Amino acid sequence: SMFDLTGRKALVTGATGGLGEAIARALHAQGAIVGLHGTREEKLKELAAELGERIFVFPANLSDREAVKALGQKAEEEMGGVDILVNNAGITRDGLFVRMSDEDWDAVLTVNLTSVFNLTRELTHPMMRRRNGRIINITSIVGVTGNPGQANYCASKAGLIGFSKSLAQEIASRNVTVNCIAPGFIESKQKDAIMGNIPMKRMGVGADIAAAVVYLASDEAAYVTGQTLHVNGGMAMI
Amino acid sequence: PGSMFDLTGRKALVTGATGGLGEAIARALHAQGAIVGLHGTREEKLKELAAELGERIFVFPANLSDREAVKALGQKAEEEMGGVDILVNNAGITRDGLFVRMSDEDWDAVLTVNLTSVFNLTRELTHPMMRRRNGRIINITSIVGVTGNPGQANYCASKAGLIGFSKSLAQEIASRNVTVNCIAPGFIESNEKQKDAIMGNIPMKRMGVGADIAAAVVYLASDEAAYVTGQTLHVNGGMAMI
Amino acid sequence: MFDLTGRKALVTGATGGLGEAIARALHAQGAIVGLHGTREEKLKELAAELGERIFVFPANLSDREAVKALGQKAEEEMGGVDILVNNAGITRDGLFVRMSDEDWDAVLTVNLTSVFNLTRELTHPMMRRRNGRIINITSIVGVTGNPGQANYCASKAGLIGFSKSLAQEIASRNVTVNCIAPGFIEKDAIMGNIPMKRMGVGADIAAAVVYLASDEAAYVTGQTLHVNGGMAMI
Amino acid sequence: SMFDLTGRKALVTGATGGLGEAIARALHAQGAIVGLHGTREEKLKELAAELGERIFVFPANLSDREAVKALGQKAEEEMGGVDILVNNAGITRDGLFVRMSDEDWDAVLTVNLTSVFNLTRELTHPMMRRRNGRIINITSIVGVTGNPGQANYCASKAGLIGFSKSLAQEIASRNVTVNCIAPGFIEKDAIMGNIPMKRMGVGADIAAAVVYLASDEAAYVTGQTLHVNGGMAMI
């Protein structure tokens, strides 16, 4: 069958979150062996139990650089080699830029970009040694449009794309692709305002993003690298 | 049915289905359980591909230069397949050469087939799709529509226009659960100085194959891609990164 | 800086809001400006006003032979066009499902094919002079898409694709080709999507044309300059 | 005259480097009062000497967070309000991603993005108060294209653009614009082969783009990325 991920090992960060969970479900549904990263092992273990077999659980605080490294090493070790890394864990520290503290900036950049750097660095050379890999970075519509109140988040998510393109160029000839998915507004006055800019006039759901992950993760998407797949109900058209 | 990216019973029309990409697209769509309308110009080669795949296939010869034939194509496909769910606008032509040497005919031919024939074919099938509250319009553009490419002023205009067309249309028909998206192939296997030089620009250091494009078509055609519209999916070995 | 003294500029749609503002800025920067339009009276008016360094070139841009005659006329009479501003554009707005062949055809013909032809008239001369500026006024909508404008969007998106291709061809000849994408130029529905919360004026686009036309933008080619109050951010 | 910057106060970071010098010279030629930032005072005083009038000199280590903040406060103070901030100073720590140290990554992200965030934060509220401002960020072609050996640099430069867009959205109604210039290759045959113009950019190519975005005439331009690259990438 097509887009079959049977036997592929996938690590999904922020897997307890709505998107992470959906992504983890789709990969699992496609035969993947899925490592669920989160901060709280209890919640991860529940997801693990609800999904069933072919699941690993890997708690780690992604703001802790040594724990990010240990996470990559542990997932790589216990899964017997990670083939698919889904960098999905992200944080926001929303707020107007002029009120934006160093910590709100630093926290978002550290988790959303630097932790991704480090986790990816743990797994990239292993994937190239195996001459097969998928790095799939969950960015946001907002990394390409901008969004007020999100100078930090936008910088990190845009940075994540730039990071991805560079890495893509570097490791492409070794059969590791690196791509981004840019969710629009996903179910997780204000709503109507956002909805007004969505041609489809519905929120996204985790499964919208999860299917794009499976697509990118698949053997069939081996010729796709350095790309940003916009899954956003037409909210921004690239 | 209900499995991931399943297209069982979905009716797809593929233009330029005898070509490299078109054939791969038709095969992948067919493999995914789709009923496939094979468009081409050489009715023979069409019937021959129809025979290889066997069942769930229609053959639809048409000259896409001929605006009335394009209109007939869409109507015939809409009728005989019992409604088209998936339109893959894949057929395209080139009339390459420097702009300073580029005749009115070279320009007109490329724009009419690559853009206008797409507008017309799409116009035939769009409302039917909207009435069905389900459709996929998948337009095969080119990396070159986004990058530019010397010797292809006409082709680049047509392929860039195709994208702008798709974005406008995606916006109009999104509330009707008809998506419209483009796939931008990079250089797809279809002298050693030329190939060497193109490959030097492809991070992956290999040519694409039809199946690379076909799989992107299956993805966008899928129910799972219901929240994707107005987008351009670059399948190019990293040759341009958007 | 950004001096265009003695540069010959041909501005299509020069009688309209943008075209007029463009012509004015170019003239203000020392350019000799060829004013294209269909309204001969409005052309004479602007010419009489700007005074010196003006040529007037009426042409129906739907008429292909007339487009070529325009390019030839401006090249011959201006003594070599240095700057072509393709600004003239039409809409035939309407939902795609009701969109006639003629509404599509007319928009693509004028917005894309007439640009193709005018540009072809002037390209080899510019290249022969190893100096030129082709500046194409596209639209935000060519990048974003817009409902009601499947034709216009296609033409303006296509205008950009054309420009990139041409830019790569002729860059070594010191002829640059660039697009400017105005946002909304003189509905609170529209301004709701514009961070700046005001409309663009012709002078906003005119200044962008002067920048791209300038010797100082000699290293800028194949690009799209978005002048849209933040309405879309590329 | 058009694109006049007379009486505009500009702060240019990395003003002693290739681009920075060219930018500061173009701003000065257009009548701007230019604050020259750099790491070494000797270099800065040299540039200031030759430019003569309407110059300030602000040395600062941009990798030092408190120096960055002090820089912004000092410039805003001594210049009587900064109208134009040109974030131009950036560093590289190039190398294979598999060999990329935390230090190589951190250093580039801190200088190229975080120091920009802090410098910009120092000057944004003032500009917004005045209802006038230009934040002009020097990114790189490579922030849009990617480039091997620069995972860190490309992340920083792409992130710079995303930052700029978000900020542009936030402060646009206060008529403070924020834009990026993406220089291509500024003054090997492999590189040149991908440049349609078949020449390197010079500092002036970038400075002129800075003058344009800084101008009142570019008041309707925000959240944008102006690519100045001889056609090397066409967006």
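Naming convention: chains lettered A, B, ... in sequence-line order (proteins, then strands); numbering from 1 in each chain. Side chains are part of it too, since the values below use all heavy atoms of this structure and drop only hydrogens, waters and symmetry mates.
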What closest approach, in Å, do [X] and [Y] show between heavy atoms, and which atom pair accounts for it?
{"X": "B/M204", "Y": "A/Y223", "value": "SD-CD1, 3.6 Å"}
{"X": "C/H226", "Y": "C/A181", "value": "CD2-CB, 3.4 Å"}
{"X": "B/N149", "Y": "B/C156", "value": "N-SG, 3.5 Å"}
{"X": "A/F58", "Y": "A/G35", "value": "CE1-CA, 3.8 Å"}
{"X": "A/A22", "Y": "A/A210", "value": "O-CB, 3.1 Å"}
{"X": "A/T145", "Y": "D/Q169", "value": "O-NE2, 2.7 Å"}

Using the side chain to side chain contact (heavy atoms under 4.5 Å, CB included) rule, take C/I234 and C/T224 through it: C-alpha gap first, then chi angles, then the decisive distance, then the call.
CA-CA 9 Å; C/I234 299 66; C/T224 297; over 6 Å; no

If we only count heavy atoms from C-beta on, is the [X] to [Y] side-chain gap below 4.5 Å?
{"X": "A/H37", "Y": "A/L119", "result": "no"}
{"X": "D/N112", "Y": "D/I91", "result": "yes"}
{"X": "A/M127", "Y": "A/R130", "result": "yes"}
{"X": "B/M4", "Y": "A/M2", "result": "no"}
{"X": "A/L71", "Y": "A/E122", "result": "no"}
{"X": "A/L44", "Y": "A/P59", "result": "yes"}
{"X": "A/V213", "Y": "A/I138", "result": "yes"}
{"X": "A/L109", "Y": "A/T114", "result": "no"}

Please answer whether the main-chain N or O of [Y] pairs with a side-chain N or O of [X] as donor and acceptor at a distance below 3.5 Å.
{"X": "B/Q231", "Y": "A/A236", "result": "yes"}
{"X": "A/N88", "Y": "A/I23", "result": "no"}
{"X": "A/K201", "Y": "A/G233", "result": "no"}
{"X": "B/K159", "Y": "B/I143", "result": "no"}
{"X": "D/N152", "Y": "D/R93", "result": "yes"}
{"X": "C/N193", "Y": "C/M231", "result": "no"}
{"X": "B/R136", "Y": "B/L220", "result": "yes"}
{"X": "B/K167", "Y": "C/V143", "result": "yes"}
{"X": "A/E170", "Y": "D/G149", "result": "yes"}
{"X": "B/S222", "Y": "B/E224", "result": "yes"}

For salt bridge (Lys or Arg N to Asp or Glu O under 4.0 Å), just list the numbers for A/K69 and D/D102, CA-CA rounded to whole Å, side-chain angles, deciding distance to a tenth of an Å, and then say yes or no.
CA-CA 11 Å; A/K69 295 186 187 153; D/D102 297 345; 2.5 Å; yes

Before you tell me yes or no, could you show the steps for A/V231 and B/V228 under side chain to side chain contact (heavy atoms under 4.5 Å, CB included), namely the whole-Å CA-CA distance, both residues' side-chain angles and the distance that decides it to 0.1 Å?
CA-CA 5 Å; A/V231 189; B/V228 185; 3.9 Å; yes

Between D/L226 and D/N179, is a side chain to side chain contact (heavy atoms under 4.5 Å, CB included) present by the stated rule, with each step listed?
CA-CA 8 Å; D/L226 174 52; D/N179 295 291; over 6 Å; no

Ring centers of B/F5, A/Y215 separated by less than 6.0 Å:
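No, too far apart.
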
Just do the side chain to side chain contact (heavy atoms under 4.5 Å, CB included) check on A/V86 and A/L11 with the steps written out, would you?
CA-CA 6 Å; A/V86 185; A/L11 178 57; over 6 Å; no

For A/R174, which residues count as a salt bridge (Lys or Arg N to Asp or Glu O under 4.0 Å) partner, sequence neighbours excluded?
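Applying salt bridge (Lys or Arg N to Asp or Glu O under 4.0 Å) to A/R174 gives none.
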
Residues which pass salt bridge (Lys or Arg N to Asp or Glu O under 4.0 Å) with A/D106, listed by chain and number, not counting sequence neighbours:
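For A/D106 the salt bridge (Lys or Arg N to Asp or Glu O under 4.0 Å) partners, ignoring immediate neighbours, are D/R65.
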
Interatomic distance, [X] atom [atom1] to [Y] atom [atom2] [nearest 0.5 angstrom]:
{"X": "A/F185", "Y": "A/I194", "atom1": "CZ", "atom2": "CD1", "result": "4.5 Å"}
{"X": "A/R202", "Y": "A/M195", "atom1": "CZ", "atom2": "CE", "result": "10.5 Å"}
{"X": "B/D212", "Y": "B/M207", "atom1": "CG", "atom2": "CE", "result": "11.0 Å"}
{"X": "A/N232", "Y": "A/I198", "atom1": "CG", "atom2": "CD1", "result": "8.0 Å"}
{"X": "A/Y153", "Y": "A/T139", "atom1": "OH", "atom2": "OG1", "result": "7.0 Å"}
{"X": "D/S156", "Y": "D/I161", "atom1": "OG", "atom2": "CD1", "result": "10.0 Å"}

Could you tell me whether D/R99 and D/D104 make a salt bridge, using a distance below 4.0 angstrom between a side-chain N and a carboxylate O?
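Looking at D/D104 together with D/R99, the answer is no, because their closest N to O distance does not fall below 4.0 Å.
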
More than 12 heavy atoms of other residues, nucleotides or ligands under 6.0 Å from NZ of A/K9: yes or no?
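Count over threshold, so yes.
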
Determine whether the side chains of A/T6 and A/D4 contain a donor N or O and an acceptor N or O closer than 3.5 Å.
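Indeed, the side chains of A/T6 and A/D4 share at least one donor-acceptor pair under 3.5 Å.
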
Can you name the one residue among A/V178, A/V176, A/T177 that meets side-chain contact (heavy atoms from CB on, under 4.5 Å) with A/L167?
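So, applying the side-chain contact (heavy atoms from CB on, under 4.5 Å) to A/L167 and each of A/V178, A/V176, A/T177, only A/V178 qualifies.
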
Does the plane of the ring in A/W105 sit parallel, tilted or perpendicular to the ring in D/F117? Use 30° and 60° as the thresholds.
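Judged by the thresholds at 30° and 60°, the geometry between A/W105 and D/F117 is parallel.
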
